[PDB]
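Structure data (compact mmCIF, N, CA and C atoms) from model.txt:
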# COMPACT_ATOMS: atom_id res chain seq x y z
N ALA A 1 -39.43 -164.78 -115.86
CA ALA A 1 -40.13 -163.91 -114.90
C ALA A 1 -41.23 -163.12 -115.62
N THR A 2 -42.29 -162.71 -114.91
CA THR A 2 -43.17 -161.66 -115.43
C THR A 2 -43.80 -160.87 -114.28
N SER A 3 -44.12 -159.60 -114.53
CA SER A 3 -44.86 -158.71 -113.65
C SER A 3 -45.97 -158.04 -114.45
N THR A 4 -47.21 -158.48 -114.21
CA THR A 4 -48.38 -157.69 -114.53
C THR A 4 -48.31 -156.43 -113.67
N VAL A 5 -48.55 -155.27 -114.28
CA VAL A 5 -48.66 -153.98 -113.63
C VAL A 5 -49.92 -153.33 -114.22
N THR A 6 -50.74 -152.69 -113.39
CA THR A 6 -52.08 -152.28 -113.78
C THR A 6 -52.36 -150.86 -113.25
N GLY A 7 -53.38 -150.21 -113.79
CA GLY A 7 -53.69 -148.80 -113.58
C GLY A 7 -55.18 -148.59 -113.78
N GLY A 8 -55.97 -148.84 -112.74
CA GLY A 8 -57.41 -148.79 -112.76
C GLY A 8 -58.00 -148.24 -111.47
N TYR A 9 -59.28 -147.89 -111.56
CA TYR A 9 -60.04 -147.22 -110.52
C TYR A 9 -60.82 -148.23 -109.68
N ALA A 10 -61.19 -147.83 -108.47
CA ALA A 10 -62.05 -148.58 -107.57
C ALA A 10 -63.31 -147.76 -107.30
N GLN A 11 -64.47 -148.28 -107.70
CA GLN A 11 -65.78 -147.70 -107.46
C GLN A 11 -66.51 -148.59 -106.45
N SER A 12 -67.24 -148.01 -105.48
CA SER A 12 -68.35 -148.75 -104.87
C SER A 12 -69.53 -147.81 -104.62
N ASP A 13 -70.66 -148.00 -105.29
CA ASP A 13 -71.87 -147.18 -105.11
C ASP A 13 -73.01 -148.11 -104.74
N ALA A 14 -73.95 -147.57 -103.97
CA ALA A 14 -74.95 -148.35 -103.26
C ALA A 14 -76.27 -147.59 -103.25
N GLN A 15 -77.40 -148.32 -103.21
CA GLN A 15 -78.77 -147.81 -103.06
C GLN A 15 -78.98 -147.17 -101.67
N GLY A 16 -78.33 -146.03 -101.45
CA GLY A 16 -78.44 -145.20 -100.26
C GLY A 16 -77.14 -144.47 -99.97
N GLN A 17 -76.04 -144.82 -100.65
CA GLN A 17 -74.74 -144.20 -100.49
C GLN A 17 -73.99 -144.32 -101.82
N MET A 18 -74.05 -143.27 -102.64
CA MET A 18 -73.30 -143.14 -103.88
C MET A 18 -71.91 -142.59 -103.54
N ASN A 19 -71.13 -143.43 -102.86
CA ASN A 19 -69.72 -143.23 -102.53
C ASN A 19 -68.89 -143.26 -103.80
N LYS A 20 -68.59 -142.08 -104.35
CA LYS A 20 -67.90 -141.94 -105.62
C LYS A 20 -66.58 -142.69 -105.58
N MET A 21 -66.14 -143.14 -106.75
CA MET A 21 -64.84 -143.73 -107.01
C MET A 21 -63.74 -142.72 -106.69
N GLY A 22 -63.32 -142.68 -105.44
CA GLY A 22 -62.22 -141.88 -104.92
C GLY A 22 -61.14 -142.83 -104.43
N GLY A 23 -60.86 -143.86 -105.22
CA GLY A 23 -59.90 -144.90 -104.91
C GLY A 23 -59.44 -145.59 -106.18
N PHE A 24 -58.36 -146.35 -106.05
CA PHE A 24 -57.68 -147.07 -107.10
C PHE A 24 -57.72 -148.56 -106.77
N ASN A 25 -57.23 -149.37 -107.70
CA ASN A 25 -56.78 -150.72 -107.41
C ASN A 25 -55.34 -150.85 -107.87
N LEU A 26 -54.65 -151.88 -107.39
CA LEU A 26 -53.45 -152.45 -107.98
C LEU A 26 -53.56 -153.97 -107.75
N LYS A 27 -52.66 -154.75 -108.35
CA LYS A 27 -52.51 -156.18 -108.11
C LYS A 27 -51.02 -156.50 -108.19
N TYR A 28 -50.61 -157.65 -107.67
CA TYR A 28 -49.29 -158.23 -107.89
C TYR A 28 -49.45 -159.73 -108.12
N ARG A 29 -48.68 -160.29 -109.06
CA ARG A 29 -48.61 -161.72 -109.35
C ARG A 29 -47.15 -162.06 -109.60
N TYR A 30 -46.62 -163.10 -108.97
CA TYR A 30 -45.36 -163.71 -109.38
C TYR A 30 -45.72 -164.94 -110.22
N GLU A 31 -44.88 -165.34 -111.17
CA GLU A 31 -44.87 -166.74 -111.58
C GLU A 31 -43.89 -167.45 -110.65
N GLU A 32 -44.21 -168.67 -110.22
CA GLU A 32 -43.27 -169.48 -109.47
C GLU A 32 -42.26 -170.03 -110.46
N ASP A 33 -40.97 -169.95 -110.16
CA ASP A 33 -39.95 -170.34 -111.13
C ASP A 33 -39.85 -171.87 -111.27
N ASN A 34 -40.68 -172.62 -110.53
CA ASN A 34 -40.74 -174.08 -110.54
C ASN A 34 -42.16 -174.59 -110.79
N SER A 35 -43.16 -173.74 -111.02
CA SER A 35 -44.52 -174.18 -111.37
C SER A 35 -45.28 -173.06 -112.09
N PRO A 36 -46.29 -173.37 -112.92
CA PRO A 36 -47.12 -172.37 -113.60
C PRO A 36 -48.12 -171.69 -112.65
N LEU A 37 -47.79 -171.56 -111.36
CA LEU A 37 -48.61 -170.92 -110.34
C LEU A 37 -48.64 -169.41 -110.57
N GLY A 38 -49.70 -168.75 -110.08
CA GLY A 38 -49.66 -167.35 -109.71
C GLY A 38 -50.52 -167.14 -108.47
N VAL A 39 -50.61 -165.89 -108.02
CA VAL A 39 -51.60 -165.40 -107.07
C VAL A 39 -52.16 -164.11 -107.67
N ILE A 40 -53.32 -163.65 -107.20
CA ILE A 40 -53.68 -162.24 -107.30
C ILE A 40 -54.24 -161.81 -105.96
N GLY A 41 -54.17 -160.53 -105.67
CA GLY A 41 -54.80 -159.90 -104.53
C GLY A 41 -54.90 -158.45 -104.91
N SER A 42 -56.11 -157.97 -105.17
CA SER A 42 -56.34 -156.54 -105.27
C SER A 42 -56.46 -155.98 -103.85
N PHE A 43 -56.14 -154.70 -103.72
CA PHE A 43 -56.57 -153.86 -102.62
C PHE A 43 -57.23 -152.64 -103.25
N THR A 44 -58.31 -152.17 -102.66
CA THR A 44 -59.00 -150.95 -103.04
C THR A 44 -59.16 -150.09 -101.78
N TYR A 45 -59.09 -148.76 -101.89
CA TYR A 45 -59.45 -147.86 -100.80
C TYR A 45 -60.14 -146.63 -101.40
N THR A 46 -61.46 -146.49 -101.24
CA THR A 46 -62.17 -145.30 -101.69
C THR A 46 -62.50 -144.43 -100.48
N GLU A 47 -62.38 -143.11 -100.64
CA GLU A 47 -62.84 -142.14 -99.67
C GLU A 47 -63.41 -140.94 -100.44
N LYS A 48 -64.45 -140.29 -99.92
CA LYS A 48 -64.87 -138.96 -100.34
C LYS A 48 -65.37 -138.28 -99.07
N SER A 49 -64.69 -137.23 -98.62
CA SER A 49 -65.01 -136.51 -97.38
C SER A 49 -66.37 -135.82 -97.53
N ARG A 50 -67.25 -135.82 -96.50
CA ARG A 50 -68.62 -135.34 -96.66
C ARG A 50 -69.01 -134.42 -95.52
N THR A 51 -69.15 -133.14 -95.82
CA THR A 51 -69.99 -132.18 -95.12
C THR A 51 -70.90 -131.53 -96.18
N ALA A 52 -71.46 -130.36 -95.86
CA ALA A 52 -72.00 -129.30 -96.72
C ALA A 52 -73.43 -128.88 -96.35
N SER A 53 -74.11 -129.55 -95.42
CA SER A 53 -75.33 -129.00 -94.83
C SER A 53 -74.89 -128.08 -93.67
N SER A 54 -74.67 -128.60 -92.45
CA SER A 54 -74.22 -127.82 -91.30
C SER A 54 -73.03 -128.46 -90.55
N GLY A 55 -72.60 -129.67 -90.90
CA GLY A 55 -71.59 -130.43 -90.17
C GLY A 55 -72.19 -131.76 -89.71
N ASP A 56 -72.38 -132.68 -90.65
CA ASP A 56 -72.85 -134.05 -90.41
C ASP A 56 -71.81 -135.01 -90.97
N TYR A 57 -70.93 -135.61 -90.17
CA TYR A 57 -69.89 -136.50 -90.71
C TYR A 57 -70.60 -137.66 -91.37
N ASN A 58 -70.34 -137.93 -92.65
CA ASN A 58 -70.84 -139.16 -93.27
C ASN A 58 -69.60 -139.91 -93.73
N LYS A 59 -68.71 -140.26 -92.80
CA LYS A 59 -67.49 -140.97 -93.17
C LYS A 59 -67.89 -142.41 -93.45
N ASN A 60 -67.30 -142.98 -94.49
CA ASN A 60 -67.20 -144.42 -94.69
C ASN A 60 -65.97 -144.67 -95.55
N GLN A 61 -65.68 -145.94 -95.78
CA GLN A 61 -64.65 -146.44 -96.66
C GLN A 61 -65.26 -147.68 -97.31
N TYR A 62 -64.81 -148.04 -98.51
CA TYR A 62 -65.00 -149.37 -99.08
C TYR A 62 -63.62 -149.84 -99.49
N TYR A 63 -63.28 -151.04 -99.06
CA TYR A 63 -62.05 -151.74 -99.36
C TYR A 63 -62.41 -153.21 -99.55
N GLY A 64 -61.72 -153.94 -100.43
CA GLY A 64 -62.08 -155.29 -100.84
C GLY A 64 -60.89 -156.23 -100.76
N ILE A 65 -60.68 -156.87 -99.60
CA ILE A 65 -59.54 -157.78 -99.43
C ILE A 65 -59.83 -159.03 -100.24
N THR A 66 -59.10 -159.19 -101.33
CA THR A 66 -59.29 -160.24 -102.31
C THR A 66 -58.11 -161.19 -102.21
N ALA A 67 -58.34 -162.51 -102.18
CA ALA A 67 -57.24 -163.46 -102.10
C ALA A 67 -57.58 -164.82 -102.73
N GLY A 68 -56.56 -165.43 -103.33
CA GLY A 68 -56.51 -166.79 -103.83
C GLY A 68 -55.36 -166.94 -104.84
N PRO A 69 -55.01 -168.18 -105.21
CA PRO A 69 -54.02 -168.46 -106.24
C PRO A 69 -54.55 -168.11 -107.65
N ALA A 70 -53.81 -168.52 -108.68
CA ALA A 70 -54.19 -168.49 -110.08
C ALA A 70 -53.98 -169.90 -110.61
N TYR A 71 -54.95 -170.43 -111.36
CA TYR A 71 -54.87 -171.77 -111.92
C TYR A 71 -54.47 -171.71 -113.39
N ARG A 72 -53.76 -172.75 -113.84
CA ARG A 72 -53.32 -172.93 -115.21
C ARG A 72 -54.32 -173.86 -115.88
N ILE A 73 -55.20 -173.29 -116.69
CA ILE A 73 -56.31 -173.97 -117.32
C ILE A 73 -55.77 -174.93 -118.38
N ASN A 74 -55.27 -174.42 -119.51
CA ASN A 74 -54.95 -175.21 -120.70
C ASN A 74 -53.90 -174.46 -121.52
N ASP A 75 -54.32 -173.40 -122.20
CA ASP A 75 -53.49 -172.44 -122.95
C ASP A 75 -53.85 -171.03 -122.44
N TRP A 76 -53.65 -169.97 -123.22
CA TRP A 76 -53.52 -168.57 -122.78
C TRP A 76 -54.77 -167.99 -122.10
N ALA A 77 -54.96 -168.37 -120.85
CA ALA A 77 -56.04 -167.98 -119.97
C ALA A 77 -55.59 -168.27 -118.55
N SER A 78 -56.11 -167.53 -117.58
CA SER A 78 -56.07 -167.91 -116.18
C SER A 78 -57.32 -167.32 -115.55
N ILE A 79 -58.06 -168.15 -114.84
CA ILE A 79 -59.22 -167.74 -114.07
C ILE A 79 -58.97 -168.26 -112.66
N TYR A 80 -59.44 -167.54 -111.65
CA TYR A 80 -59.66 -168.11 -110.33
C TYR A 80 -60.80 -167.34 -109.68
N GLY A 81 -61.86 -168.02 -109.24
CA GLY A 81 -62.83 -167.42 -108.33
C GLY A 81 -62.13 -167.22 -106.99
N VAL A 82 -62.38 -166.10 -106.33
CA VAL A 82 -61.73 -165.68 -105.10
C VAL A 82 -62.80 -165.20 -104.12
N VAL A 83 -62.38 -164.88 -102.90
CA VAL A 83 -63.22 -164.22 -101.92
C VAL A 83 -62.94 -162.72 -102.00
N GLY A 84 -63.87 -161.93 -101.49
CA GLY A 84 -63.71 -160.51 -101.19
C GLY A 84 -64.51 -160.22 -99.93
N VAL A 85 -64.36 -159.05 -99.33
CA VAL A 85 -65.22 -158.58 -98.24
C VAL A 85 -65.38 -157.09 -98.46
N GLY A 86 -66.61 -156.63 -98.63
CA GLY A 86 -66.95 -155.26 -98.99
C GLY A 86 -68.00 -154.75 -98.01
N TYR A 87 -67.64 -153.81 -97.14
CA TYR A 87 -68.59 -153.17 -96.25
C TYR A 87 -68.23 -151.71 -96.02
N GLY A 88 -69.17 -150.96 -95.44
CA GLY A 88 -68.93 -149.59 -95.01
C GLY A 88 -68.08 -149.60 -93.73
N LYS A 89 -67.70 -148.43 -93.23
CA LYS A 89 -67.13 -148.28 -91.89
C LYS A 89 -67.52 -146.90 -91.36
N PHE A 90 -67.02 -146.51 -90.19
CA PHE A 90 -67.33 -145.23 -89.56
C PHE A 90 -68.84 -145.07 -89.38
N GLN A 91 -69.35 -143.85 -89.16
CA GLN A 91 -70.75 -143.64 -88.85
C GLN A 91 -71.18 -142.23 -89.22
N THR A 92 -72.45 -141.94 -88.93
CA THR A 92 -73.07 -140.64 -89.11
C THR A 92 -73.72 -140.30 -87.77
N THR A 93 -73.28 -139.23 -87.11
CA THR A 93 -73.88 -138.73 -85.88
C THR A 93 -73.55 -137.24 -85.73
N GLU A 94 -72.26 -136.90 -85.61
CA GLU A 94 -71.66 -135.60 -85.31
C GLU A 94 -72.10 -135.03 -83.96
N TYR A 95 -73.39 -134.80 -83.76
CA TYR A 95 -73.91 -134.36 -82.48
C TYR A 95 -73.60 -135.44 -81.42
N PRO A 96 -73.44 -135.05 -80.14
CA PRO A 96 -73.12 -135.98 -79.06
C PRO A 96 -74.32 -136.89 -78.80
N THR A 97 -74.41 -137.98 -79.55
CA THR A 97 -75.54 -138.90 -79.53
C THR A 97 -75.05 -140.31 -79.87
N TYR A 98 -74.21 -140.47 -80.91
CA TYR A 98 -73.82 -141.75 -81.50
C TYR A 98 -75.02 -142.50 -82.11
N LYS A 99 -74.74 -143.39 -83.06
CA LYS A 99 -75.78 -144.06 -83.84
C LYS A 99 -75.36 -145.47 -84.22
N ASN A 100 -74.18 -145.64 -84.84
CA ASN A 100 -73.44 -146.91 -84.86
C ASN A 100 -74.33 -148.12 -85.17
N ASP A 101 -74.73 -148.31 -86.43
CA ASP A 101 -75.48 -149.50 -86.83
C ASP A 101 -74.75 -150.20 -87.97
N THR A 102 -74.70 -149.59 -89.16
CA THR A 102 -74.12 -150.22 -90.34
C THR A 102 -72.60 -150.05 -90.32
N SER A 103 -71.85 -151.03 -89.80
CA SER A 103 -70.39 -151.09 -89.87
C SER A 103 -69.97 -152.49 -89.40
N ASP A 104 -70.13 -153.53 -90.21
CA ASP A 104 -69.67 -154.87 -89.80
C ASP A 104 -69.66 -155.79 -91.01
N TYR A 105 -68.55 -156.50 -91.28
CA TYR A 105 -68.27 -157.14 -92.56
C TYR A 105 -69.44 -157.97 -93.11
N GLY A 106 -69.64 -157.90 -94.43
CA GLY A 106 -70.63 -158.68 -95.16
C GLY A 106 -69.95 -159.92 -95.74
N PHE A 107 -70.48 -160.43 -96.85
CA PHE A 107 -69.80 -161.47 -97.60
C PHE A 107 -69.77 -161.06 -99.06
N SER A 108 -68.66 -161.33 -99.74
CA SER A 108 -68.47 -161.11 -101.16
C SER A 108 -67.64 -162.26 -101.73
N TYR A 109 -67.66 -162.39 -103.05
CA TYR A 109 -66.75 -163.21 -103.82
C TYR A 109 -66.52 -162.51 -105.15
N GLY A 110 -65.37 -162.75 -105.76
CA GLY A 110 -64.94 -162.14 -107.00
C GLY A 110 -64.29 -163.19 -107.88
N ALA A 111 -63.69 -162.76 -108.99
CA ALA A 111 -62.79 -163.60 -109.77
C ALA A 111 -61.58 -162.78 -110.19
N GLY A 112 -60.43 -163.44 -110.27
CA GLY A 112 -59.22 -162.94 -110.88
C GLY A 112 -59.23 -163.38 -112.33
N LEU A 113 -59.38 -162.42 -113.24
CA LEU A 113 -59.10 -162.60 -114.66
C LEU A 113 -57.94 -161.65 -114.95
N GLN A 114 -56.97 -162.09 -115.74
CA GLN A 114 -55.71 -161.37 -115.94
C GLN A 114 -55.24 -161.63 -117.38
N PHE A 115 -55.22 -160.60 -118.24
CA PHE A 115 -54.99 -160.75 -119.67
C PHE A 115 -53.88 -159.81 -120.15
N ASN A 116 -53.10 -160.26 -121.14
CA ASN A 116 -51.92 -159.56 -121.65
C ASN A 116 -51.97 -159.57 -123.17
N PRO A 117 -52.38 -158.48 -123.85
CA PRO A 117 -52.27 -158.40 -125.30
C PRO A 117 -50.85 -158.05 -125.74
N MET A 118 -50.03 -157.42 -124.88
CA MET A 118 -48.85 -156.70 -125.33
C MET A 118 -47.81 -156.65 -124.20
N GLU A 119 -46.72 -155.94 -124.45
CA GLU A 119 -45.46 -155.94 -123.72
C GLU A 119 -45.27 -154.57 -123.04
N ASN A 120 -46.28 -153.70 -123.11
CA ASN A 120 -46.43 -152.50 -122.31
C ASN A 120 -47.93 -152.23 -122.07
N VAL A 121 -48.78 -153.25 -122.21
CA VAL A 121 -50.21 -153.15 -121.94
C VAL A 121 -50.61 -154.44 -121.23
N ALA A 122 -51.26 -154.31 -120.08
CA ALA A 122 -51.92 -155.40 -119.39
C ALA A 122 -53.18 -154.81 -118.79
N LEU A 123 -54.25 -155.60 -118.80
CA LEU A 123 -55.54 -155.24 -118.25
C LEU A 123 -56.14 -156.47 -117.60
N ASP A 124 -56.88 -156.22 -116.53
CA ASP A 124 -57.43 -157.21 -115.64
C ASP A 124 -58.73 -156.64 -115.11
N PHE A 125 -59.63 -157.54 -114.71
CA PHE A 125 -61.02 -157.22 -114.47
C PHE A 125 -61.52 -158.13 -113.37
N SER A 126 -62.07 -157.56 -112.30
CA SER A 126 -62.83 -158.29 -111.29
C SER A 126 -64.15 -157.56 -111.03
N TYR A 127 -65.13 -158.29 -110.52
CA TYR A 127 -66.47 -157.84 -110.16
C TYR A 127 -66.78 -158.49 -108.82
N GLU A 128 -67.36 -157.73 -107.89
CA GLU A 128 -67.81 -158.18 -106.58
C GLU A 128 -69.18 -157.57 -106.29
N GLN A 129 -70.05 -158.31 -105.60
CA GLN A 129 -71.35 -157.81 -105.15
C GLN A 129 -71.53 -158.17 -103.67
N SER A 130 -72.14 -157.26 -102.91
CA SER A 130 -72.46 -157.42 -101.49
C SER A 130 -73.90 -156.96 -101.25
N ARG A 131 -74.50 -157.39 -100.14
CA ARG A 131 -75.87 -157.05 -99.79
C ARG A 131 -75.87 -156.53 -98.36
N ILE A 132 -75.83 -155.21 -98.19
CA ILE A 132 -75.80 -154.60 -96.87
C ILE A 132 -77.23 -154.17 -96.56
N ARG A 133 -77.97 -154.92 -95.74
CA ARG A 133 -79.34 -154.58 -95.34
C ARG A 133 -80.21 -154.21 -96.54
N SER A 134 -80.19 -155.08 -97.54
CA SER A 134 -80.96 -154.96 -98.78
C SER A 134 -80.62 -153.69 -99.58
N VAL A 135 -79.50 -153.04 -99.28
CA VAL A 135 -78.93 -152.02 -100.14
C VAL A 135 -78.18 -152.81 -101.20
N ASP A 136 -78.62 -152.65 -102.45
CA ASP A 136 -77.92 -153.14 -103.62
C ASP A 136 -76.62 -152.36 -103.78
N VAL A 137 -75.48 -153.03 -103.97
CA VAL A 137 -74.16 -152.42 -104.13
C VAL A 137 -73.52 -153.02 -105.39
N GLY A 138 -72.72 -152.23 -106.10
CA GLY A 138 -71.88 -152.70 -107.19
C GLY A 138 -70.43 -152.36 -106.90
N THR A 139 -69.51 -153.26 -107.20
CA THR A 139 -68.07 -153.03 -107.17
C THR A 139 -67.46 -153.75 -108.37
N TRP A 140 -66.66 -153.04 -109.17
CA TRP A 140 -65.80 -153.64 -110.18
C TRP A 140 -64.50 -152.84 -110.20
N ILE A 141 -63.44 -153.47 -110.68
CA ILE A 141 -62.17 -152.82 -110.95
C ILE A 141 -61.85 -153.09 -112.42
N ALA A 142 -61.48 -152.04 -113.16
CA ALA A 142 -60.97 -152.14 -114.51
C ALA A 142 -59.92 -151.04 -114.70
N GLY A 143 -59.06 -151.20 -115.70
CA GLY A 143 -57.99 -150.26 -115.98
C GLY A 143 -57.08 -150.79 -117.07
N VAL A 144 -55.95 -150.11 -117.25
CA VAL A 144 -54.88 -150.44 -118.17
C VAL A 144 -53.58 -150.01 -117.49
N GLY A 145 -52.54 -150.82 -117.60
CA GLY A 145 -51.20 -150.53 -117.10
C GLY A 145 -50.18 -150.92 -118.15
N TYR A 146 -49.26 -151.80 -117.79
CA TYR A 146 -48.05 -152.13 -118.55
C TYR A 146 -47.72 -153.61 -118.36
N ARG A 147 -46.70 -154.16 -119.02
CA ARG A 147 -46.48 -155.61 -118.98
C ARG A 147 -44.99 -155.97 -118.97
N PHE A 148 -44.50 -156.43 -117.82
CA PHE A 148 -43.13 -156.90 -117.63
C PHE A 148 -43.14 -158.40 -117.37

Structure rendered as structure tokens:
Amino acid sequence: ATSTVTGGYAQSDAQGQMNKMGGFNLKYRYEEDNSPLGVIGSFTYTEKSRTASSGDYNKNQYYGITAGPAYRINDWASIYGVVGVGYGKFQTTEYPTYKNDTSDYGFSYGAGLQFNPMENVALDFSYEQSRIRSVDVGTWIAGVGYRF
């Protein structure tokens, strides 16, 4: 058996919305007891509550639903390119008007890389990019956890 366990942050900042890293990631992987299979799936949830002029809600979230198996290359490595989906949500209006434009899924892809130097250290790294109306966005997850 093994359990990768990880401890890293989730950032998503964009050319018009510097939504600070107010979120984490985690992952889970089983080994199949009958094949060298794995899976990975990160989840991220960032939030930073926004007022401070007079009361203008600038709510959004960034979350990245990541999915796919893990492939057994040769020796001590596993890579898998995966999908992700990274977009804003909620809106900016506050006054009785509504505005509702930027809130509908984009397209992303990532990779699952998963590395183990030690027996209480594991680290893993993914990168995703999205293009929301020509707003350049960056998303990566990195950290350090433990190794079971």

Might you pull out every residue within 10 Å of residue A:129, with only C-alpha atoms counted and same-chain residues fewer than 2 positions away left off, and present them as a PyMOL selection string?
chain A and resi 12+84-86+107-110+127+131-132+136-140

State, in Å with one decimal place, the distance from atom CA of residue A:25 to atom CA of residue A:6.
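Pair atom CA of residue A:25 / atom CA of residue A:6 returns 8.1 Å.
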
Counting only N, CA and C atoms, what are the residues of stretch 17-40 of chain A within 8 Å of stretch 44-62 of chain A, and for each of them which pair of atoms is the nearest and at what distance in Å, to one decimal? Sort the table by chain and rising number, as a tab-separated table.
residue	atom	partner	partner_atom	distance
A:19	CA	A:48	N	6.6
A:20	C	A:47	C	6.3
A:21	C	A:46	CA	5.8
A:22	C	A:46	CA	3.8
A:23	CA	A:45	C	3.9
A:24	C	A:44	CA	4.6
A:25	CA	A:44	CA	4.9
A:26	N	A:44	N	6.0

Å distance separating atom C of residue A:122 from atom N of residue A:4, one decimal place
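Computed distance, atom C of residue A:122 to atom N of residue A:4, equals 8.4 Å.
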
Strand (DSSP E) positions in stretch 65-146 of chain A, given as an NGL selection string:
:A and (68-70 or 79-84 or 108-115 or 123-128 or 131-132 or 135-143 or 146)

Identify, on the basis of all atoms listed in the file, every residue whose closest approach to residue A:114 does not exceed 6 Å; exclude the query and any residue fewer than 2 positions from it along the same chain; express the result as a list in words.
residues 78, 112, 116, 123, 124 and 125 of chain A

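Between atom C of residue A:68 and atom N of residue A:30 there is a distance of 10.4 Å.
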
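Among the candidate residues A:40, A:119, A:103, A:73, the one lying nearest to residue A:91 is A:103, with distances computed using all atoms listed in the file.
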
Pick from A:33, A:74, A:83, A:27: nearest to residue A:5, with all atoms listed in the file counted?
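Using all atoms listed in the file, residue A:5 sits closest to A:27.
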